[PDB]
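# Overview (structure and organization)
Here's the letter readout for the chains.
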Amino acid sequence: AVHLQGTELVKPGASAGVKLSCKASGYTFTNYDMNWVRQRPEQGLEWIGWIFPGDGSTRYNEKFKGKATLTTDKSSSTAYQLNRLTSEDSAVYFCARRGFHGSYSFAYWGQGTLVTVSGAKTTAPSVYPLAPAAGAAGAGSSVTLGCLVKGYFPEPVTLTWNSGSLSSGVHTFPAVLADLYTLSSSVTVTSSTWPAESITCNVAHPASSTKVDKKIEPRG
Amino acid sequence: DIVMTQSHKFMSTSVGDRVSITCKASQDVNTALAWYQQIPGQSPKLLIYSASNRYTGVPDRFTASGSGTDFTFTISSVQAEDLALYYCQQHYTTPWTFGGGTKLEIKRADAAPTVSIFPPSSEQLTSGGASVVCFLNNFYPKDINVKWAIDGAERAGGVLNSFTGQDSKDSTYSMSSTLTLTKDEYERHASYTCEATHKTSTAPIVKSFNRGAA
């Protein structure tokens, strides 16, 4: 039962560094070298470097020169990832180990640790109702309403329609950065049912303890 | 640095069918190559070690071949849970490098996007903000081009796009495109258009509205 337990996600400021953790278990920690891999949405997976707990120290990837100076510690079988500068280092970092003795392929991986670099502070989201121009209800047999959530930090926010009773025809999209995470959701129902049968989006933001239930109404 | 190239970011397949992902190492990495699979929000899973060896527990449907500069991952008969990302990785000489990955997706009937455009809400305008939102939902193939036009001229500054992966139920894709201006600039223009170019129609799908005009 080989297992690698990584650390919870952290939100460092665009300036300092953060030491990540990886608790190996189920095998003699010193018998295998630990590896670290980075994964960003646009650049894919990139190997960072390895470490020998038996002590052969390290060997880093050219690209992660001093921005990543690994370290470890026996008597606890945990490996650490320093992360120096940090600013464009926002991504998920993995802890990886190989399986057999003669293949550098990574058979064992940690669950990964998300790292977000931002100077923003906890901020409640503004929620904006999206209704078809001039109220009405479209021009077909179906009408689409929406909810725009922006200016919040940090992730995440939960969004439902009519307290969850409206789940079909819903499209809720991944939030995108921009100082204040912004996301949106659309709901599509039968034209004759709105505004006859009310529709409200419920947005909740754990970090700020805030919730907003914005009803969607015809507008001019 | 050796460069692993996976020429296909996405590959259309079907359940019960055969599919082959290809990888091309910039150099002869001999047989030092591994294949990984990854599902959203999870870590990579080793599927193949040393070019063509199944790791333990990896089902017979998964196969890999090649040795030299060209390698190929193959799935005899695709199953629902195989519609994920597969990564190539050479471990011949450091630094270890991974391919860009290939996402397998379910092929289905072409479907035109339903496009909806929304003017800024009064509540946002009071805060000095003006976001125009455009939804493009339930379309297939994923290939789509969204353009914004303000008073006719195309606008690229201030556009933020978001999309969902292929739906696990209806195999379509959806997308949101938001044009965010300040109320100051928003009120200095009159015509706002969201234009979707998709293979399902010769003419791009267009949705618009005029400030203050119903």
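Positions along each chain are numbered from 1 by the written sequence. They may not match the entry numbering, and residues without coordinates are not shown. For naming, the first written chain is A and the first written ligand is 1, with later ones following in the order written. Within a larger assembly, only the chains shown are considered here, and all values are given for them alone. Hydrogens and water molecules were not included; the side-chain quantities draw on all heavy atoms of the structure.

The deposited coordinates, according to the entry record, derive from cryo-EM at 8.8 Å resolution.

Looking now at the overall build of chain B. To qualify as a helix, a DSSP run of H or I must reach at least 4 residues; to qualify as a strand, a run of E must reach at least 2; elements of each kind are numbered from the N terminus. Regarding its fold elements, chain B presents 2 helices and 19 strands. The principal-axis extent of the C-alpha atoms belonging to chain B is close to 65 × 35 × 30 Å. Working definition: with a 1.4 Å probe on protein chains only, accessible area under 20% of the residue-type maximum means buried, over 50% means exposed, and in between means partly exposed. Buried residues in chain B amount to 48% of all 214 residues. Across chain B, every contact between residues at least 6 apart in sequence was considered, and the portion connecting residues at least 24 apart equals 59%. Here chain B has roughly 9700 Å² of accessible surface; of this, 49% comes from carbon and sulfur atoms. Counting rule for charge: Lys and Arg are taken as positive, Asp and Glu as negative, and neither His nor the chain ends is counted. Charged groups are reduced to one reference atom each: NZ for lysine, CZ for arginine, CG for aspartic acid, CD for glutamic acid. For chain B, the separation between the mean place of its 18 positive charges and that of its 19 negative charges on side chains is 2 Å. Every residue pair with non-hydrogen atoms within 4.5 Å of one another is taken to be in contact. Where accessible areas are quoted, they stem from the Shrake-Rupley method and a 1.4 Å probe; at the residue level, only the protein chains shown are allowed to cover.

With that settled, the discussion passes to the environment of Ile 2 of chain B. Residues and elements named next belong to chain B. With respect to the helices, strands and loops of the structure, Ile 2 is situated in the segment before β1 (4-5). What makes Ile 2 buried here is its relative accessible area of 4%. Taking the C-alpha atoms as reference points, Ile 2 and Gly 157, 155 residues apart in sequence, are found 36 Å from one another. Those residues in contact with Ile 2, other than ones at most four positions away along the chain, are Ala 25, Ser 26, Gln 27, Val 29, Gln 90, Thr 93 and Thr 97.

Once that is clear, we can look at the state of the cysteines. Pairs of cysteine sulfur atoms within 2.5 Å are what we label disulfides. Within the structure shown, the criterion is met by 4 disulfides over all chains. Note that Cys 22 of chain A is cross-linked by a disulfide to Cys 95 of chain A, the S-S spacing being 2.0 Å. Around the S-S axis, the bridge from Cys 22 of chain A to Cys 95 of chain A shows a dihedral of about -85° and counts as left-handed. Placement of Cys 22 of chain A in strand β2 (residues 20-25) and of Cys 95 of chain A in strand β8 (residues 91-97) is noted, with a sequence separation of 73 residues between them. Comparing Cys 22 of chain A with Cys 95 of chain A shows no difference in burial state: the two are buried. Disulfide pairing places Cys 23 of chain B opposite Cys 88 of chain B at an S-S distance of 2.0 Å. The S-S bond linking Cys 23 of chain B to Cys 88 of chain B shows a torsion near -90°; that makes this disulfide left-handed. Separated by 65 residues along the polypeptide, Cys 23 of chain B in strand β3 (residues 19-25) and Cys 88 of chain B in strand β9 (residues 85-90) bring together distant segments of the chain. Note on accessibility: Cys 23 of chain B and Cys 88 of chain B belong to one class, buried. Of note for chain B: the bonded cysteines, numbered N- to C-terminal, pair according to 1-2, 3-4. Bonded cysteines in chain A are paired 1-2, 3-4 when counted in the order they occur along the chain.

All names here are of chain A. Assignment of secondary structure puts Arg 98 in the loop between β8 and β9 (108-109). Residue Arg 98 is classed as buried on the basis of its relative accessible area, which comes to 9%. Each polar contact in these results corresponds to two N or O atoms within 3.5 Å; when the atoms are within protein, one needs to be able to donate a hydrogen and the other to accept it, and residues that are neighboring in sequence are counted only if both atoms are side-chain atoms. A polar contact of 2.9 Å, which involves the side chain of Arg 98, links it to the side chain of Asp 33. The residues contacting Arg 98, other than those within four sequence positions of it, are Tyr 32, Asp 33, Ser 103, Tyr 104, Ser 105, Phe 106, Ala 107 and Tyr 108.

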